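**Student:** Have a look at this one before I ask anything.
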Amino acid sequence: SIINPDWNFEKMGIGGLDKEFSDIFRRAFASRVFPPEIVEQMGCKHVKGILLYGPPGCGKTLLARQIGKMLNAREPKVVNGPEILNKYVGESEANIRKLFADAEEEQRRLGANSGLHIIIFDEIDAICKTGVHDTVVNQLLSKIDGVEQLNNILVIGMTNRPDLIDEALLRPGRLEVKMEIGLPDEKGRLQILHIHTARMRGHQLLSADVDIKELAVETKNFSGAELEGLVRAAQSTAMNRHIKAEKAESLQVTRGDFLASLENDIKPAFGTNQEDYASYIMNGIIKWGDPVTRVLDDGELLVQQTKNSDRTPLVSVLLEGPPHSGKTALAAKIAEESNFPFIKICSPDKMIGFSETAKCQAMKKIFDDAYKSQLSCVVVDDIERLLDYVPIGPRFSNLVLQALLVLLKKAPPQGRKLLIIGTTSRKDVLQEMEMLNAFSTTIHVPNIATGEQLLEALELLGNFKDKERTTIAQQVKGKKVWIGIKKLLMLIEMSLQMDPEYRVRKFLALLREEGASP
Amino acid sequence: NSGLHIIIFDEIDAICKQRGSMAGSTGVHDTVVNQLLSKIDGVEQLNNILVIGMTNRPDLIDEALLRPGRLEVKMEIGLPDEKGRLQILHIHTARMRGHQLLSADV
Ligand SMILES: Nc1ncnc2c1ncn2[C@@H]1O[C@H](COP(=O)(O)OP(=O)(O)OP(=O)(O)O)[C@@H](O)[C@H]1O
Ligand SMILES: Nc1ncnc2c1ncn2[C@@H]1O[C@H](COP(=O)(O)OP(=O)(O)O)[C@@H](O)[C@H]1O
Ligand SMILES: [Mg+2]
């Protein structure tokens with residue numbers, strides 16, 4: 001044969017990715033497809049060196065098996081790694097020599113024309129770094145260097161620490177090409193769950209009520225091992241329920257078992273989606289007047305502008321208003337309204353006790369991650385706390401300000417897009433630090449400033465009504481009211497705590513005392 | 001077929017330490033952990049053995065064993081809250097009341 005461009009691998013039983021194939025197989029075909037003698041005449045070197053790196057559990061071993069099988073090579077030999085490297089040097093000499101001799105004997109016997117041997121290694125980072133490390137690394141390098149001239153060497157290795165491996169191992173002609181395996185993928189997670197549940201359905205024991213789509217949606221960042229453990233826990237809890245009970249003939253696994261196993265037994269690795277919106281928007285968005293609609297309209301218009309256009313891939317916004325006016329929730333709602341693939345919120349609640357350098361690193365990491373997807377939206381709230389500000393002196397951090405000022409006007413890689421939303425409550429400070437000159441536009445969030453709006457909001461929230469509402473309206477009308485939305489909830493809660501008949505008095509007294517003048 | 005054999009490794013943190021450096025000549029500590037890891041899980045498959053490892057501080061435990069496939073379902077045993085406390089005090093006082101050695105005042 002001259003070509004094997006068959007790509008049933010994704011549907012063969014392993015998801016993986018559908019991009020590596022092109023590079024891997026184009027290089028393999030270039031190396032080996034052509035007749036050997038012309039290659040000898042041209043004096044080109046066959047590719048020998050592969051390193052699949054990343055966090056464990058992503059399914060690297062299966063990829064290494066598939067590439068070995070699909071490639072027309074001999075059966076694979078593999079070692080955990082430190083095993084070969086015994087404490088005593090000299091073991092790392094005979095032991096290393098025998099592995100290479102295993103293929104040398106066949107290569108000599110069969111001459112130049114011979115098959116490819118695929119030797120798999122794991123945890124190379126452990127050995128690469130007390131004088132045993134250098135000698136072991138040199139002994140390994142000796143064969144691939146060219147002194148031993150082995151032309152049949154497929155060395156697919158694995159590791160988790162790219163910074164604790166000699167770069168000489170990747171010097172041209174040593175490892176050359178590299179790749180890493182990422183998250184289990186939402187659609188890939190769906191596919192793996194489908195494969196496992198199809199193996200289950202092979203006997204139709206699984207109940208029809210169970211669905212794959214919703215389950216895959218719920219579970220976030222569960223490596224294949226984690227999903228298999230979840231399946232095992234589900235089966236175990238179903239068995240427990242059965243034993244605590246003809247029932248055997250009626251054994252069926254229900255969704256509730258899956259939910260209980262997910263909640264109790266299996267610990268996630270990365271799951272956050274159902275925390276952000278639940279926490280930051282805790283009481284929902286309640287319309288109180290006309291000003292609430294303008295902000296949302298402008299947000300949607302800006303989202304549309306950033307979605308489809310060129311010559312302006314980067315757009316920035318700034319929400320400003322008096323304190324206790326509910327700026328974080330509205331920005332979160334604007335972020336949720338669109339359906340961008342990537343959405344993240346950077347707030348100071350998670351960086352207590354940090355120094356400025358750590359905050360810079362965290363912001364940089366979030367932005368770097370946000371640069372990858374096709375288009376994304378980011379939110380920064382309490383800009384005046386990120387750069388800790390004290391009206392005495394005044395004092396603040398220069399490094400964070402410089403990093404933010406640079407990041408706000410740095411275009412993403414070619415062809416991508418990005419949206420940034422920021423929130424603050426002190427515009428004059430930013431105006432003085434020449435930071436308001438970077439944001440493209442601004443949006444003003446006002447407070448309640450009329451008795452009619454106060455009555456409407458109170459009625460929509462409920463609680464006070466009938467004669468209480470009539471008295472409140474009579475008292476408030478013909479006056480000036482200036483109160484933030486977030487303060488109204490606290491005041492109403494406080495006033496509701498008194499005796500049933502002595503409630504309106506406390507609320508009116510509190511409202512009159514506070515609110516001051518605008 | 002057959003039954004199961006249960007091996008209880010008390011003070012398991014003594015022999016299974018981190019295989020990082022150990023800064024010591026000879027690799028007895030590393031060799032022991034590697035041999036046990038190979039035996040528990042390896043090319044051959046054993047399905048009639050269960051190991052219960054009890055430790056006082058999980059921090060000083062090698063990473064490999066806690067990984068899935070070697071040792072799973074890890075539990076924590078905390079302090080009794082209110083009812084276990086009464087049960088304990090009854091268990092440890094049953095004898096004296098059996099022989100009438102506790103005054104009615106208590
Ligand atoms: N229409 C609304 N707009 C804003 N917030 C609302 C609205 N309706 C209800 N809320 C509630 O108001 C609270 C808004 O809190 P938020 O953190 O946004 O306040 P803030 O004044 O921006 O805060 P801070 O001054 O601490 O930066 C949330 O409980 C949200 O549920
Ligand atoms: N893409 C995938 N498709 C199906 N199963 C997978 C996939 N990725 C991981 N798994 C499951 O997760 C486990 C991966 O273990 P393995 O890759 O050997 O460990 P490591 O990733 O540390 O080398 C396997 O048991 C496999 O069933
Ligand atoms: Mg806020």
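**Student:** As a check on your grasp of the helix formula, calculate [θ] at 222 nm for chain A: sum -39500 (n - 2.57) over DSSP H runs of n ≥ 4, divide by the residue count, round to the nearest 500.
**Tutor:** On the way: 21 runs with 237 residues, N = 518.
Rounded to the nearest 500, it is -14000 deg cm²/dmol.
**Student:** Calculated from DSSP H runs of 4 or more alone, at -39500 (n - 2.57) each and per residue, what is the 222 nm mean residue ellipticity of chain B, nearest 500?
**Tutor:** Details: 4 runs with 31 residues, N = 106.
The per-residue figure over chain B is -7500 deg cm²/dmol.
**Student:** How large is the translational diffusion coefficient of the protein assembly as shown in µm² per second when you combine the Kirkwood radius over alpha carbon pairs with Stokes-Einstein at 10 °C and 1.306 mPa s? Please report the intermediate quantities before stating the final value.
**Tutor:** Values: Rh = 31.6 Å.
For the chosen part, D equals 50 µm²/s.
**Student:** In addition: When only DSSP loop residues count, what trypsin sites (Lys or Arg not before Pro) in the range B:1-56 have their Cβ near at most 15 other Cβ atoms within 10 Å?
**Tutor:** Here the sparse-neighbourhood loop sites are B:17.
**Student:** While we're on this one: Identify the chymotrypsin sites (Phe, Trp or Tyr not before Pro) of the range A:441-518 meeting these criteria: DSSP loop state and at most 11 other C-beta atoms within 10 Å of the C-beta. Don't skip to the end; give the middle numbers.
**Tutor:** Numbers: sites: A:464, A:482, A:502, A:507; in loops: A:464, A:482, A:502.
Those that pass, being in a loop and sparsely packed, are A:502.
**Student:** Could you give the semi-axes, largest first, of the ellipsoid that matches chain B, computed as the square roots of 5 times the alpha carbon gyration tensor eigenvalues and rounded to whole Å?
**Tutor:** Numbers: eigenvalues 345, 75, 34 Å².
Value: 42, 19, 13 Å, ordered largest first.
**Student:** What is the sum of charges around residue A:299, taking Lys and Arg as +1, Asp and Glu as -1, for the other residues whose C-beta is under 10 Å from the C-beta of residue A:299? It would help to have the intermediate numbers written out before the result.
**Tutor:** Numbers: positive: A:294, A:333; negative: A:297, A:298, A:300, A:337.
Net local charge, residue A:299 excluded: -2.
**Student:** How about residue A:410: which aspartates and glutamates have a C-alpha closer than 13 Å to its C-alpha, ignoring those fewer than 8 places off in the same chain?
**Tutor:** Qualifying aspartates and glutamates at Cα under 13 Å: A:368.
**Student:** Which listed residue (A:76, A:42, A:63) has the Cα farthest towards the positive end of the charge dipole for the range A:1-141, taking +1 on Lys and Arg C-beta and -1 on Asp and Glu C-beta about the Cα centre?
**Tutor:** Most positive-ward Cα: A:42.
**Student:** Next question, about the same structure. Averaged over its residues, how many other protein chain Cβ atoms are within 10 Å of peptide B:19-28's Cβ atoms?
**Tutor:** Across B:19-28, the average partner-chain Cβ count within 10 Å equals 2.
**Student:** How far apart, in nanometres, would the label points at residue A:129 and residue A:61 be if each is projected 7 angstrom from Cα along the Cα-to-Cβ direction?
**Tutor:** 2.4 nm
**Student:** Still on this structure, please answer the following. Quick one: go through the range A:308-328 and flag any residue whose amide nitrogen is under 20 Å from the point 7 Å out along the Cα-to-Cβ line of residue A:482.
**Tutor:** So the set is A:320-327.
**Student:** Only counting other Cβ atoms within 10 Å, I'd like A:471, A:441 sorted with the fewest neighbours first. Don't skip to the answer; put the middle values down first.
**Tutor:** Details: A:471 14, A:441 10.
Result, fewest neighbours first: A:441, A:471.
**Student:** Calculate, in nm to one decimal, what residue A:200 and residue A:217 gain on full extension: separation in residues at 0.36 nm each, minus their alpha carbon distance. Could the numbers behind the result be given before it?
**Tutor:** On the way: separation 17, 0.36 × 17 = 6.12 nm, distance 1.96 nm.
Computed gain between residue A:200 and residue A:217 is 4.2 nm.
**Student:** ³J(HN,Hα) across the range A:486-498 via Karplus (A = 6.51, B = -1.76, C = 1.60, θ = phi - 60°), whole Hz, x for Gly/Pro?
**Tutor:** Couplings: 5, 6, 4, 4, 5, 5, 5, 4, 5, 6, 6, 7, 8 Hz.
**Student:** Let me ask another. As a quick test, which of the pairs A:364/A:427; A:359/A:486; A:77/A:143 have an alpha carbon distance above 19 angstrom in this structure? Display every interim value, and only then the final one.
**Tutor:** Values: A:364/A:427 24 Å; A:359/A:486 28 Å; A:77/A:143 17 Å.
Beyond 19 Å between Cα atoms: A:364/A:427; A:359/A:486.
**Student:** Now, a different point. At a Förster radius of 60 Å, what calculated FRET efficiency corresponds to the Cβ-Cβ distance of residue A:361 and residue A:501, to the nearest 0.05?
**Tutor:** Numbers: r = 58 Å, r/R0 = 0.97.
For residue A:361 and residue A:501, the calculated efficiency is 0.55.
**Student:** Relative to the present Cα-Cα distance, how much length would full extension add between residue A:399 and residue A:247 at 0.36 nm per residue of separation? It would help to have the intermediate numbers written out before the result.
**Tutor:** Working: separation 152, 0.36 × 152 = 54.72 nm, distance 6.76 nm.
In short, 48.0 nm is gained.
**Student:** Here's a follow-up. For a label point 7 Å from the Cα of residue B:106 along Cα→C-beta, name the residues of the range B:82-97 whose backbone N is under 12 Å from it.
**Tutor:** B:89-97, by backbone N distance to the label point.
**Student:** Amide H of residue A:157: which non-local residues (sequence gap of 5 or more, or other chain) have their own amide H closer than 5 Å, using H built in the peptide plane?
**Tutor:** The answer is A:50, A:51, A:52, A:121.
**Student:** Going Cα to Cα from residue A:477, which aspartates and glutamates come in below 19 Å? Please leave out same-chain ones fewer than 8 positions away.
**Tutor:** Cα-Cα hits under 19 Å: A:452, A:456, A:459, A:466, A:468, A:513, A:514.
**Student:** Cα-Cα pairs above 27 Å in the range A:184-343: how many percent? Walk me through the numbers on the way to the answer.
**Tutor:** Numbers: 6169 of 12720 pairs.
Value for the range A:184-343 (Cα pairs over 27 Å): 48 percent.
**Student:** Rounded to the nearest 0.05, what FRET efficiency do residue A:178 and residue B:44 have when you use their Cβ-Cβ distance and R0 = 35 Å? Write down the numbers at each step before the final one.
**Tutor:** On the way: r = 34 Å, r/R0 = 0.98.
The value I calculate is 0.55.
**Student:** Okay, next question. Let's test the formula: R0 of 51 Å, r as the Cβ-Cβ distance of residue B:6 and residue A:163. What FRET efficiency results, to the nearest 0.05?
**Tutor:** On the way: r = 43 Å, r/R0 = 0.84.
The pair residue B:6/residue A:163 has a calculated efficiency of 0.75.
**Student:** Test of the criteria: in the range A:15-85, which GluC sites (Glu not before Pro) are in a DSSP loop and have at most 16 other Cβ atoms within 10 angstrom of their Cβ? It would help to have the intermediate numbers written out before the result.
**Tutor:** On the way: sites: A:20, A:37, A:40, A:83; in loops: A:83.
Answer by residue number: A:83.
**Student:** Right, next: Quick one: which of B:65-76, A:133-144 comes out on top by average Cβ neighbours within 10 Å, and what's the full order, highest first?
**Tutor:** Values: B:65-76: 11.3, A:133-144: 16.2.
Ranking, from highest mean packing down: A:133-144, B:65-76.
**Student:** Under a Cβ-only charge scheme (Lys and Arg +1, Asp and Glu -1), can you give me the dipole magnitude of the range A:282-426 about the Cα centre, in debye to the nearest 20? All intermediate terms of the calculation are to be shown ahead of the outcome.
**Tutor:** Numbers: 19 positive and 16 negative charges, 87 e Å.
Dipole magnitude for the range A:282-426 comes out near 420 debye.
**Student:** Also, I was wondering about something else. Can you pull the one-decimal nm distance between simple spin-label points at residue B:75 and residue A:385, each 7 Å off the Cα toward Cβ?
**Tutor:** The modelled label-to-label distance comes out at 4.2 nm.
**Student:** Sticking with this structure for a sec: Using modelled amide H (1.01 Å from N, peptide plane; none on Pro or chain starts), what sits under 5 Å from the amide H of residue A:377, excluding residues fewer than 5 places away?
**Tutor:** Residues meeting the amide H criterion: A:342, A:344, A:419.
**Student:** Still on this structure: Once each part is reduced to its C-alpha centroid, what is the distance from the range A:22-88 to the range A:380-452 in angstrom?
**Tutor:** 51 Å
**Student:** Which ³J(HN,Hα) values in Hz, rounded to whole numbers, follow from the phi angles of the range A:192-204 under the Karplus curve 6.51 cos²θ - 1.76 cosθ + 1.60, where θ = phi - 60° and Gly and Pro get x?
**Tutor:** Listing the rounded values in order: 5, 4, 4, 4, 5, 6, 6, 4, 5, 5, x, 10, 6 Hz.
**Student:** Dipole of the range A:1-111, Cα-centred, from +1 at each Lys and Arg C-beta and -1 at each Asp and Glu C-beta, to the nearest 20 debye?
**Tutor:** Details: 17 positive and 15 negative charges, 20 e Å.
With only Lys, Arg, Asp and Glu charged at Cβ, the dipole is about 100 debye.
**Student:** Let me ask something else about it. Cβ neighbours within 10 Å, averaged per peptide: list A:456-462, B:30-36 in order, most packed at the top.
**Tutor:** On the way: A:456-462: 14.0, B:30-36: 15.7.
Packing order, densest peptide first, comes out as B:30-36, A:456-462.
**Student:** How shielded is A:80-88 by partner chains, expressed as the average number of their Cβ atoms within 10 Å of its Cβ atoms? Display every interim value, and only then the final one.
**Tutor:** On the way: counts 4, 0, 4, 2, 0, 0, 4, 8, 3.
The shielding value for this peptide is 3.
Reconstructed Cβ throughout: ideal geometry from the backbone, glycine too, with neighbour counts over all protein chains shown. Values in this text are rule-based calculations from the coordinates and carry no lab data.
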